$ cat model_16.cif   # mmCIF, C-alpha atoms and all ligand atoms
data_upload
#
loop_
_atom_site.label_atom_id
_atom_site.label_comp_id
_atom_site.auth_asym_id
_atom_site.auth_seq_id
_atom_site.Cartn_x
_atom_site.Cartn_y
_atom_site.Cartn_z
CA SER A 1 154.71 109.49 85.25
CA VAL A 2 158.45 110.04 85.85
CA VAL A 3 160.60 111.98 83.36
CA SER A 4 164.41 111.81 83.21
CA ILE A 5 166.12 115.28 83.02
CA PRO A 6 169.16 115.30 80.64
CA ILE A 7 172.61 115.95 82.20
CA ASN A 8 175.92 116.21 80.19
CA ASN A 9 178.61 113.66 81.05
CA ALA A 10 176.38 112.55 83.92
CA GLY A 11 178.61 109.53 84.81
CA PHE A 12 181.95 111.21 84.03
CA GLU A 13 182.64 108.69 81.26
CA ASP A 14 184.39 111.43 79.18
CA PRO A 15 187.33 111.43 78.92
CA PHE A 16 188.17 107.74 78.41
CA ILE A 17 190.93 106.49 80.77
CA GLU A 18 192.94 103.39 79.71
CA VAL A 19 194.83 102.42 82.90
CA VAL A 20 193.08 101.35 86.12
CA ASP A 21 193.43 103.98 88.88
CA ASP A 22 194.69 106.62 86.41
CA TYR A 23 193.01 110.02 86.51
CA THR A 24 192.96 113.49 84.93
CA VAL A 25 193.54 116.80 86.68
CA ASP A 26 191.32 119.03 84.52
CA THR A 27 187.61 119.86 84.85
CA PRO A 28 185.66 117.01 83.14
CA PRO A 29 183.79 118.07 79.96
CA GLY A 30 180.18 119.21 80.50
CA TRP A 31 180.91 120.34 84.06
CA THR A 32 182.49 123.43 85.62
CA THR A 33 184.59 123.74 88.80
CA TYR A 34 182.55 125.12 91.67
CA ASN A 35 185.14 127.30 93.35
CA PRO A 36 183.64 129.79 95.85
CA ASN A 37 186.80 130.01 97.95
CA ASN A 38 189.30 129.81 95.06
CA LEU A 39 190.88 126.65 96.47
CA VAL A 40 191.30 124.95 93.07
CA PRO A 41 193.80 126.62 90.70
CA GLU A 42 193.12 127.30 87.07
CA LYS A 43 196.28 125.31 86.23
CA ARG A 44 196.52 122.04 88.11
CA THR A 45 199.29 119.50 88.66
CA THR A 46 199.78 116.23 90.55
CA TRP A 47 200.76 118.35 93.56
CA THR A 48 197.84 120.88 93.76
CA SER A 49 194.19 120.90 94.64
CA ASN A 50 192.52 119.36 91.56
CA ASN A 51 189.44 117.78 90.04
CA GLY A 52 188.98 115.39 87.17
CA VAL A 53 187.87 111.84 86.34
CA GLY A 54 189.36 108.60 87.54
CA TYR A 55 189.07 104.99 86.35
CA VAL A 56 187.71 102.72 89.03
CA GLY A 57 188.15 99.47 87.18
CA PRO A 58 189.10 95.81 87.76
CA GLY A 59 192.07 95.48 90.10
CA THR A 60 191.69 99.01 91.62
CA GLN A 61 193.86 99.26 94.76
CA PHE A 62 191.64 101.88 96.40
CA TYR A 63 188.04 100.54 96.49
CA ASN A 64 186.25 97.28 97.33
CA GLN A 65 183.89 97.66 94.33
CA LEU A 66 184.04 99.18 90.85
CA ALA A 67 182.64 102.54 89.64
CA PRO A 68 178.87 102.71 90.36
CA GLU A 69 178.42 103.33 86.62
CA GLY A 70 180.67 102.54 83.62
CA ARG A 71 184.45 102.99 84.02
CA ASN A 72 184.91 106.35 85.63
CA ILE A 73 184.09 108.56 88.54
CA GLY A 74 184.52 112.37 89.01
CA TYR A 75 186.74 113.39 91.92
CA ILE A 76 187.52 116.62 93.81
CA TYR A 77 190.72 116.69 95.90
CA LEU A 78 191.72 119.63 98.14
CA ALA A 79 195.26 120.16 99.42
CA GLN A 80 194.38 122.99 101.84
CA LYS A 81 193.75 122.34 105.49
CA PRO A 82 190.29 121.42 106.85
CA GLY A 83 188.04 124.46 107.25
CA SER A 84 189.70 126.38 104.39
CA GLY A 85 186.47 126.34 102.31
CA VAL A 86 184.68 124.06 99.82
CA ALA A 87 184.90 123.18 96.12
CA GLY A 88 183.52 120.70 93.61
CA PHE A 89 181.55 120.38 90.38
CA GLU A 90 178.66 122.42 89.07
CA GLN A 91 176.43 121.91 86.05
CA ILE A 92 173.67 124.23 85.00
CA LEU A 93 170.97 122.43 83.04
CA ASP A 94 168.73 123.54 80.21
CA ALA A 95 165.66 122.29 82.11
CA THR A 96 163.82 124.95 84.14
CA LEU A 97 161.93 124.72 87.40
CA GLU A 98 158.29 123.78 86.78
CA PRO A 99 155.32 124.07 89.19
CA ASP A 100 153.71 121.14 91.11
CA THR A 101 156.69 118.89 90.31
CA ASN A 102 158.68 116.45 92.50
CA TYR A 103 162.40 116.47 91.64
CA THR A 104 164.67 113.63 92.66
CA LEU A 105 168.44 114.06 92.37
CA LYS A 106 170.58 110.96 92.92
CA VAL A 107 174.37 110.74 92.98
CA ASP A 108 176.77 108.13 94.24
CA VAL A 109 179.47 109.34 96.64
CA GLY A 110 182.71 107.44 97.08
CA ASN A 111 185.31 107.26 99.84
CA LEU A 112 188.85 106.38 98.46
CA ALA A 113 190.63 103.77 100.64
CA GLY A 114 194.09 102.46 101.31
CA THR A 115 197.64 103.74 101.07
CA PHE A 116 200.43 104.25 98.64
CA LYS A 117 204.12 104.56 99.63
CA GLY A 118 203.49 106.70 102.79
CA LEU A 119 200.47 108.44 101.27
CA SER A 120 197.26 107.66 103.12
CA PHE A 121 193.70 107.77 101.90
CA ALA A 122 192.28 107.07 105.35
CA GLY A 123 189.40 109.39 106.26
CA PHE A 124 186.90 111.49 104.35
CA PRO A 125 186.22 115.25 103.91
CA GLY A 126 182.40 115.18 103.93
CA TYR A 127 180.11 115.77 100.94
CA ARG A 128 177.15 117.90 99.99
CA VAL A 129 174.86 117.36 96.93
CA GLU A 130 172.77 120.42 95.90
CA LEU A 131 169.83 120.94 93.50
CA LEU A 132 169.68 124.54 92.29
CA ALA A 133 167.31 126.86 90.52
CA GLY A 134 169.23 129.90 89.32
CA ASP A 135 171.66 130.51 92.17
CA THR A 136 169.27 129.29 94.89
CA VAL A 137 169.91 125.99 96.61
CA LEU A 138 166.43 124.45 96.59
CA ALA A 139 167.49 121.34 98.44
CA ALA A 140 170.65 119.67 99.56
CA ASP A 141 172.03 116.60 101.34
CA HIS A 142 174.82 117.87 103.57
CA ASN A 143 176.83 114.79 104.52
CA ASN A 144 174.00 112.62 105.96
CA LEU A 145 175.23 109.25 104.65
CA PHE A 146 178.01 107.27 106.27
CA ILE A 147 180.40 106.06 103.60
CA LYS A 148 182.81 103.35 104.47
CA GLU A 149 186.39 103.41 103.31
CA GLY A 150 186.46 101.89 99.81
CA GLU A 151 182.69 102.01 99.07
CA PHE A 152 180.12 104.23 97.36
CA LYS A 153 176.62 105.08 98.54
CA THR A 154 173.75 106.83 96.82
CA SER A 155 172.77 110.28 98.12
CA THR A 156 169.17 111.30 97.43
CA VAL A 157 168.02 114.94 97.25
CA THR A 158 164.35 115.93 96.82
CA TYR A 159 162.50 119.13 96.16
CA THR A 160 158.79 119.69 95.55
CA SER A 161 157.72 122.90 93.74
CA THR A 162 154.36 124.70 94.30
CA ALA A 163 152.02 126.54 91.87
CA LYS A 164 153.55 129.83 92.88
CA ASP A 165 157.25 129.07 93.58
CA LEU A 166 159.38 132.21 93.30
CA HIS A 167 162.05 130.33 91.26
CA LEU A 168 159.67 128.99 88.62
CA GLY A 169 161.18 129.17 85.13
CA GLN A 170 164.75 129.39 86.37
CA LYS A 171 167.43 126.99 85.11
CA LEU A 172 167.92 123.86 87.20
CA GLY A 173 171.45 123.14 88.38
CA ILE A 174 173.50 120.53 90.26
CA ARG A 175 176.47 120.91 92.62
CA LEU A 176 178.66 118.17 94.02
CA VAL A 177 180.69 119.55 96.89
CA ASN A 178 183.82 118.57 98.81
CA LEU A 179 183.25 119.99 102.33
CA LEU A 180 187.00 119.88 103.38
CA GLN A 181 185.90 119.09 106.97
CA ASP A 182 188.61 116.47 107.52
CA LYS A 183 191.16 114.41 105.55
CA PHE A 184 192.05 112.47 103.55
CA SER A 185 190.31 115.36 101.71
CA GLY A 186 189.39 113.86 98.33
CA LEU A 187 186.05 112.33 97.36
CA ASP A 188 184.45 110.74 94.31
CA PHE A 189 181.05 111.15 92.66
CA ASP A 190 179.28 109.05 89.97
CA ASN A 191 176.03 108.31 88.20
CA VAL A 192 174.27 111.65 88.50
CA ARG A 193 170.56 111.35 87.83
CA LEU A 194 167.68 113.85 87.95
CA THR A 195 164.02 112.93 87.53
CA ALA A 196 160.88 115.02 87.54
CA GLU A 197 157.31 113.83 88.26
CA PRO A 198 154.03 115.86 88.39
CA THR A 199 152.72 115.80 92.01
CA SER B 1 171.96 101.09 123.84
CA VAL B 2 170.44 104.15 122.08
CA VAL B 3 171.07 107.15 124.41
CA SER B 4 169.12 110.48 124.47
CA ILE B 5 171.31 113.56 124.42
CA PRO B 6 169.86 116.23 126.73
CA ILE B 7 168.68 119.47 125.13
CA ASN B 8 167.25 122.51 126.96
CA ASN B 9 163.65 123.55 126.15
CA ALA B 10 163.72 120.92 123.36
CA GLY B 11 159.97 121.35 122.63
CA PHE B 12 159.79 125.13 123.23
CA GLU B 13 157.31 124.54 126.12
CA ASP B 14 159.01 127.28 128.14
CA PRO B 15 157.33 129.70 128.45
CA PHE B 16 153.74 128.55 129.16
CA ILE B 17 151.26 130.49 127.02
CA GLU B 18 147.60 130.53 128.05
CA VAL B 19 145.71 131.71 124.88
CA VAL B 20 145.77 129.71 121.58
CA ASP B 21 147.89 131.34 118.89
CA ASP B 22 149.39 133.86 121.30
CA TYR B 23 153.18 134.11 121.22
CA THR B 24 156.37 135.73 122.43
CA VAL B 25 158.74 137.72 120.21
CA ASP B 26 161.92 137.10 122.20
CA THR B 27 164.46 134.24 121.90
CA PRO B 28 163.09 131.12 123.64
CA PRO B 29 164.80 130.22 126.95
CA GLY B 30 167.63 127.71 126.44
CA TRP B 31 168.25 128.79 122.79
CA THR B 32 170.13 131.65 121.09
CA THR B 33 169.15 133.54 117.96
CA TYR B 34 171.20 132.31 115.01
CA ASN B 35 171.77 135.56 113.14
CA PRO B 36 174.70 135.37 110.62
CA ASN B 37 173.30 138.05 108.27
CA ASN B 38 172.01 140.39 110.99
CA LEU B 39 168.38 140.00 109.89
CA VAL B 40 166.90 139.83 113.40
CA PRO B 41 167.06 142.96 115.63
CA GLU B 42 167.77 142.97 119.37
CA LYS B 43 164.30 144.44 120.09
CA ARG B 44 161.38 142.85 118.29
CA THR B 45 157.70 143.67 117.70
CA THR B 46 154.96 141.68 115.94
CA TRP B 47 155.74 141.83 112.16
CA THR B 48 159.47 142.75 112.56
CA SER B 49 162.00 139.98 111.92
CA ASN B 50 161.72 137.96 115.11
CA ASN B 51 161.54 134.55 116.76
CA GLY B 52 159.75 133.21 119.82
CA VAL B 53 157.38 130.51 120.96
CA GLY B 54 153.71 130.15 120.00
CA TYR B 55 150.80 128.10 121.37
CA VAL B 56 149.41 125.70 118.73
CA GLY B 57 146.33 124.44 120.54
CA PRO B 58 142.65 123.59 119.82
CA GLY B 59 141.30 125.95 117.20
CA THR B 60 144.60 127.37 115.96
CA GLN B 61 144.21 129.54 112.88
CA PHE B 62 147.44 128.10 111.35
CA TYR B 63 147.40 124.26 111.25
CA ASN B 64 145.20 121.19 110.66
CA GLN B 65 146.66 119.60 113.77
CA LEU B 66 147.99 120.47 117.23
CA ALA B 67 151.64 121.09 118.04
CA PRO B 68 153.77 118.00 117.30
CA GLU B 69 154.67 117.92 121.03
CA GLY B 70 152.99 119.59 124.11
CA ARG B 71 151.49 123.05 123.63
CA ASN B 72 154.09 125.16 121.92
CA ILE B 73 156.34 125.57 118.93
CA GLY B 74 159.31 127.79 118.23
CA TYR B 75 158.92 130.11 115.26
CA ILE B 76 161.20 132.27 113.17
CA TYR B 77 159.79 135.01 110.94
CA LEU B 78 161.88 137.09 108.57
CA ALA B 79 160.39 140.34 107.16
CA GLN B 80 163.26 141.00 104.68
CA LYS B 81 162.94 140.07 101.04
CA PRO B 82 163.91 136.55 99.84
CA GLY B 83 167.66 136.18 99.28
CA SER B 84 168.51 138.56 102.12
CA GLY B 85 170.05 135.79 104.26
CA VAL B 86 169.03 133.24 106.90
CA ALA B 87 168.32 133.17 110.62
CA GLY B 88 166.91 130.91 113.32
CA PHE B 89 167.71 129.09 116.54
CA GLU B 90 170.98 127.66 117.83
CA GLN B 91 171.82 125.61 120.95
CA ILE B 92 175.26 124.37 122.00
CA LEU B 93 174.89 121.13 124.00
CA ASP B 94 177.08 119.85 126.83
CA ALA B 95 177.60 116.49 125.14
CA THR B 96 180.72 116.27 122.99
CA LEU B 97 181.47 114.34 119.80
CA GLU B 98 182.58 110.78 120.52
CA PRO B 99 184.13 108.11 118.22
CA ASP B 100 182.30 105.30 116.36
CA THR B 101 178.87 106.78 117.19
CA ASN B 102 175.75 107.10 115.05
CA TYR B 103 173.96 110.40 115.82
CA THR B 104 170.32 110.96 114.85
CA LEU B 105 168.75 114.43 115.04
CA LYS B 106 164.99 114.70 114.53
CA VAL B 107 163.02 117.94 114.36
CA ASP B 108 159.39 118.65 113.34
CA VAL B 109 159.07 121.49 110.82
CA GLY B 110 155.82 123.38 110.25
CA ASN B 111 154.40 125.19 107.20
CA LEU B 112 151.88 127.72 108.61
CA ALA B 113 148.57 128.07 106.79
CA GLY B 114 145.76 130.57 107.10
CA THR B 115 145.77 134.25 107.86
CA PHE B 116 147.05 136.63 110.51
CA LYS B 117 146.24 140.35 110.86
CA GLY B 118 145.01 140.30 107.23
CA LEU B 119 148.16 138.62 105.82
CA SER B 120 148.09 135.22 104.04
CA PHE B 121 150.49 132.59 105.37
CA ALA B 122 150.46 130.87 101.91
CA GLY B 123 153.97 129.79 100.83
CA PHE B 124 157.04 128.65 102.76
CA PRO B 125 160.59 130.02 103.10
CA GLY B 126 162.44 126.72 103.16
CA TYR B 127 164.19 125.17 106.17
CA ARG B 128 167.53 123.72 107.14
CA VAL B 129 168.27 121.55 110.23
CA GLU B 130 171.95 121.24 111.24
CA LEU B 131 174.02 119.06 113.64
CA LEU B 132 177.24 120.78 114.70
CA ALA B 133 180.48 119.92 116.38
CA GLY B 134 182.07 123.17 117.54
CA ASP B 135 181.46 125.56 114.58
CA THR B 136 181.51 122.79 111.93
CA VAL B 137 178.26 121.55 110.38
CA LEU B 138 178.68 117.78 110.54
CA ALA B 139 175.35 117.01 108.77
CA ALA B 140 172.32 118.99 107.67
CA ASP B 141 168.95 118.56 105.97
CA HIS B 142 168.57 121.53 103.58
CA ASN B 143 164.85 121.60 102.69
CA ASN B 144 164.39 118.00 101.43
CA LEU B 145 160.86 117.50 102.89
CA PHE B 146 157.72 118.57 101.12
CA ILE B 147 155.52 120.15 103.83
CA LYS B 148 151.92 120.92 102.94
CA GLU B 149 150.20 124.12 104.05
CA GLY B 150 149.01 123.60 107.64
CA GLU B 151 151.08 120.49 108.56
CA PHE B 152 154.32 119.48 110.34
CA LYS B 153 156.75 116.84 109.09
CA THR B 154 159.81 115.27 110.80
CA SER B 155 163.26 116.12 109.39
CA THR B 156 165.97 113.53 110.17
CA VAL B 157 169.64 114.42 110.13
CA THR B 158 172.29 111.72 110.59
CA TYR B 159 176.05 111.70 111.19
CA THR B 160 178.47 108.81 111.89
CA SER B 161 181.77 109.59 113.60
CA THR B 162 185.00 107.61 113.05
CA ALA B 163 187.84 106.69 115.41
CA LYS B 164 189.93 109.58 114.11
CA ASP B 165 187.31 112.39 113.51
CA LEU B 166 189.05 115.81 113.59
CA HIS B 167 186.19 117.24 115.75
CA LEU B 168 186.19 114.46 118.36
CA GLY B 169 185.65 115.96 121.85
CA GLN B 170 184.09 119.20 120.54
CA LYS B 171 180.68 120.27 121.85
CA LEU B 172 177.64 119.12 119.89
CA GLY B 173 175.21 121.78 118.62
CA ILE B 174 171.91 122.19 116.76
CA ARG B 175 170.67 124.92 114.43
CA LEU B 176 167.15 125.34 113.07
CA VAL B 177 167.24 127.68 110.13
CA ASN B 178 164.73 129.76 108.15
CA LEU B 179 166.17 129.95 104.62
CA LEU B 180 164.13 132.98 103.41
CA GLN B 181 163.95 131.50 99.90
CA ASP B 182 160.26 132.43 99.34
CA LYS B 183 157.20 133.92 101.14
CA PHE B 184 155.21 133.62 103.32
CA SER B 185 158.59 133.57 105.17
CA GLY B 186 157.87 132.34 108.66
CA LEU B 187 158.06 128.79 109.89
CA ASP B 188 157.82 126.73 113.02
CA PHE B 189 159.88 124.01 114.70
CA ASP B 190 159.10 121.52 117.48
CA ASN B 191 160.16 118.41 119.30
CA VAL B 192 163.93 118.49 118.88
CA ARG B 193 165.40 115.05 119.65
CA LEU B 194 169.02 113.84 119.43
CA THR B 195 170.16 110.25 120.02
CA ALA B 196 173.57 108.56 119.99
CA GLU B 197 174.38 104.88 119.48
CA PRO B 198 177.72 102.98 119.22
CA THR B 199 178.20 101.78 115.57
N1 LIG C 201 189.50 107.43 92.31
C1 LIG C 201 190.20 108.57 92.39
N2 LIG C 201 189.67 109.62 92.99
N3 LIG C 201 191.41 108.68 91.79
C2 LIG C 201 192.12 107.53 91.17
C3 LIG C 201 192.77 106.58 92.24
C4 LIG C 201 193.88 107.25 93.13
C5 LIG C 201 195.05 107.85 92.31
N4 LIG C 201 195.85 106.81 91.57
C6 LIG C 201 196.92 106.24 92.13
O1 LIG C 201 197.53 105.43 91.43
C7 LIG C 201 197.32 106.66 93.42
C8 LIG C 201 198.80 106.79 93.52
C9 LIG C 201 198.79 107.50 94.84
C10 LIG C 201 197.98 108.72 94.54
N5 LIG C 201 196.93 108.07 93.74
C11 LIG C 201 195.91 108.65 93.14
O2 LIG C 201 195.65 109.83 93.38
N1 LIG C 202 154.19 130.85 114.63
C1 LIG C 202 153.09 130.36 115.19
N2 LIG C 202 152.68 129.13 114.95
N3 LIG C 202 152.35 131.13 116.00
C2 LIG C 202 152.70 132.52 116.33
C3 LIG C 202 152.19 133.52 115.30
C4 LIG C 202 152.87 134.90 115.56
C5 LIG C 202 154.34 135.00 115.18
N4 LIG C 202 154.88 136.36 115.43
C6 LIG C 202 154.81 137.41 114.49
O1 LIG C 202 155.30 138.53 114.74
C7 LIG C 202 154.17 137.11 113.27
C8 LIG C 202 154.88 137.72 112.14
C9 LIG C 202 154.27 136.91 111.01
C10 LIG C 202 154.38 135.48 111.51
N5 LIG C 202 154.38 135.65 112.93
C11 LIG C 202 154.45 134.66 113.82
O2 LIG C 202 154.57 133.49 113.46
CA CA C 203 180.72 106.56 85.73
CA CA C 204 189.16 107.49 102.78
CA CA C 205 156.29 121.64 121.76
CA CA C 206 152.55 128.53 104.41
#

$ encode --input "model_16.cif" --output "structure tokens"
Amino acid sequence: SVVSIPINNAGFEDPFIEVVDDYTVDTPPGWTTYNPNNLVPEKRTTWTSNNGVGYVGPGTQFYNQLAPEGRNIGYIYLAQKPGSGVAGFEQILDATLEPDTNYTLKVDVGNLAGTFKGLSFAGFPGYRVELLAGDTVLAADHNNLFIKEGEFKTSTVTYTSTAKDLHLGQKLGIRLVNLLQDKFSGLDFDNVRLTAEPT
Amino acid sequence: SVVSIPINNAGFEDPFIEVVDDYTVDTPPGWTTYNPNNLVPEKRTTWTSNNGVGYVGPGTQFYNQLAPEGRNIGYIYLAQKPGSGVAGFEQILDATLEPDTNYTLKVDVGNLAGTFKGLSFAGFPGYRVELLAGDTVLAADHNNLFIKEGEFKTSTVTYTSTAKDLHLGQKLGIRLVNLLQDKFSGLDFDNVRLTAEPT
């Protein structure tokens, strides 16, 4: 029946983070920075556009629940103004597109809440989750879920291949995208899962 | 409490077409040609990149059913090779984006079967349905449905505004896109519906 497709660091649990609400500002291992508009610098600091992992643990000040999975989430934060472009995470998989298969891609998407000393996390940039083969977006969920301040929700993306799909044999891939359509312009992702089932 | 947002020629019934499977090759009334990659020329023939309306009535060569709604559908056909770009239909509405409102866009999407002038309609280019405010895509369904050869299915796109949405007061819009990701690379749309409801 259903087969689980392996993904590296699928719940962003590497690296380990000791202190609740702490976070890194480098690309998490197993992933790459999707950067089509060059918004995220090679060298990041507290003060730049950045991505990384963050510990959403007991006593977090910024959510009304914990990480969907384990300790950590993956986040993308953009400093540039709304409409400047998009960025996020990308992972190309070893699995290839096979014919007469239903693919289901699930990812949790989180909306950071609250304030800190004049800083405000109110609002949300929009998200898109993409399933790729090669560099083709086969299917994507472009911001269809409403995500309340301080909660996560599961996005579901589906593609069904045919006997004669043009992209057959190409490497499957995943992209988790910050749309930068409004601010606060950070968002969190967690618990990436991909399954495949013969139609 | 649910309110219908008016759309012009929402079912592509204008213009009336007398003979089953006959069609126009010009932009349907009430719509514009979405053409970001310049795939569709200003003057069209049968078999050039084009769009139009077609009559899907009793004894159509292309479906196992009649049009989702009334007589007609709106089609977009792209002659160029896969990867060349996208094109379709756009309509800017008079309604504007309002706060704390749940928007639901539904569109029927058709995978043509059969044969036409000795060409197989086997295969499908992929679709995307978009809800806009101004020139921003608020939410979109990028090709998540599996549509069998010779059937229509309903795409649903949803967006929820907040009190402080950046695009509040901007004009709502709809785009119906042919993705040109595979061949046969034409597809049909019908029965565009958009509703709004206070959250
Ligand atoms: N879940 C995230 N995306 N990141 C971790 C929580 C927010 C993160 N940690 C903090 O302590 C607050 C201080 C204000 C800025 N913050 C941050 O950027
Ligand atoms: N699309 C329909 N259901 N009916 C109209 C068929 C004709 C319409 N116009 C054309 O020029 C041909 C090109 C190939 C596909 N076409 C079309 O879809
Ligand atoms: Ca996790
Ligand atoms: Ca927020
Ligand atoms: Ca119709
Ligand atoms: Ca077909």

$ calpha_fit_rmsd --input "model_16.cif" --fixed "chain B" --moving "chain A"
0.6 Å

$ interface_residues --input "model_16.cif" --of "chain A" --to "chain B" --cutoff "6 Å" --atoms "only C-alpha atoms" --output "PDB file with C-alpha atoms, in the coordinates of the input"
ATOM      1  CA  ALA A 139     167.490 121.340  98.440  1.00  0.00           C
ATOM      2  CA  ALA A 140     170.650 119.670  99.560  1.00  0.00           C
ATOM      3  CA  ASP A 141     172.030 116.600 101.340  1.00  0.00           C
ATOM      4  CA  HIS A 142     174.820 117.870 103.570  1.00  0.00           C
ATOM      5  CA  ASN A 143     176.830 114.790 104.520  1.00  0.00           C
ATOM      6  CA  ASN A 144     174.000 112.620 105.960  1.00  0.00           C
ATOM      7  CA  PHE A 146     178.010 107.270 106.270  1.00  0.00           C
ATOM      8  CA  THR A 158     164.350 115.930  96.820  1.00  0.00           C
ATOM      9  CA  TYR A 159     162.500 119.130  96.160  1.00  0.00           C
ATOM     10  CA  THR A 160     158.790 119.690  95.550  1.00  0.00           C
TER      11      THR A 160
END

$ residues_near_ligand --input "model_16.cif" --ligand "ligand CA 203 (chain C)" --cutoff "8 Å" --atoms "all atoms listed in the file" --output "list in words"
residues 10, 11, 12, 13, 67, 68, 69, 70, 71, 72, 73, 74, 190 and 191 of chain A

$ residues_near_ligand --input "model_16.cif" --ligand "ligand LIG 201 (chain C)" --cutoff "8 Å" --atoms "only C-alpha atoms and all ligand atoms" --output "ChimeraX atom specification"
/A:21-23,53-56,60-62,73-77,112,115-117,119,186-188

$ residues_near_point --input "model_16.cif" --point "(177.2, 116.7, 117.1)" --cutoff "8 Å" --atoms "all atoms listed in the file" --output "list in words"
residues 96, 97, 103, 131, 132, 133, 138, 159, 171, 172, 173 and 174 of chain B

$ atom_distance --input "model_16.cif" --atom1 "CA of residue 149 in chain A" --atom2 "CA of residue 20 in chain A"
18.6 Å

$ closest_residue --input "model_16.cif" --among "B:109, B:150, B:33, B:101" --to "ligand CA 205 (chain C)" --atoms "all atoms listed in the file"
B:109

$ closest_residue --input "model_16.cif" --among "A:120, A:154, A:27, A:170" --to "ligand CA 204 (chain C)" --atoms "all atoms listed in the file"
A:120

$ atom_distance --input "model_16.cif" --atom1 "CA of residue 4 in chain B" --atom2 "CA of residue 52 in chain B"
25.0 Å

$ residues_near_point --input "model_16.cif" --point "(183.9, 118.6, 94.8)" --cutoff "6 Å" --atoms "all atoms listed in the file" --output "PDB file with C-alpha atoms, in the frame of the given file"
ATOM      1  CA  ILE A  76     187.520 116.620  93.810  1.00  0.00           C
ATOM      2  CA  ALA A  87     184.900 123.180  96.120  1.00  0.00           C
ATOM      3  CA  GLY A  88     183.520 120.700  93.610  1.00  0.00           C
ATOM      4  CA  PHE A  89     181.550 120.380  90.380  1.00  0.00           C
ATOM      5  CA  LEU A 176     178.660 118.170  94.020  1.00  0.00           C
ATOM      6  CA  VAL A 177     180.690 119.550  96.890  1.00  0.00           C
ATOM      7  CA  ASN A 178     183.820 118.570  98.810  1.00  0.00           C
TER       8      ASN A 178
END

$ closest_residue --input "model_16.cif" --among "B:110, B:118, B:99, B:15" --to "ligand CA 206 (chain C)" --atoms "all atoms listed in the file"
B:110

$ atom_distance --input "model_16.cif" --atom1 "CA of residue 151 in chain B" --atom2 "CA of residue 65 in chain B"
6.9 Å

$ closest_residue --input "model_16.cif" --among "A:152, A:63, A:184, A:189" --to "ligand CA 204 (chain C)" --atoms "only C-alpha atoms and all ligand atoms"
A:184

$ residues_around --input "model_16.cif" --residues "residue 7 in chain B" --least-positions-apart "3" --cutoff "9 Å" --atoms "only C-alpha atoms" --output "count of residues only"
9

$ closest_residue --input "model_16.cif" --among "B:48, B:41, B:66, B:113" --to "ligand CA 205 (chain C)" --atoms "only C-alpha atoms and all ligand atoms"
B:66

$ closest_residue --input "model_16.cif" --among "B:16, B:47, B:31, B:121" --to "ligand CA 206 (chain C)" --atoms "only C-alpha atoms and all ligand atoms"
B:121

$ axis_aligned_box --input "model_16.cif" --around "ligand LIG 202 (chain C)" --padding-each-side "5 Å" --output "JSON"
{"center_x": 153.7, "center_y": 133.8, "center_z": 113.7, "size_x": 13.1, "size_y": 19.4, "size_z": 15.3}
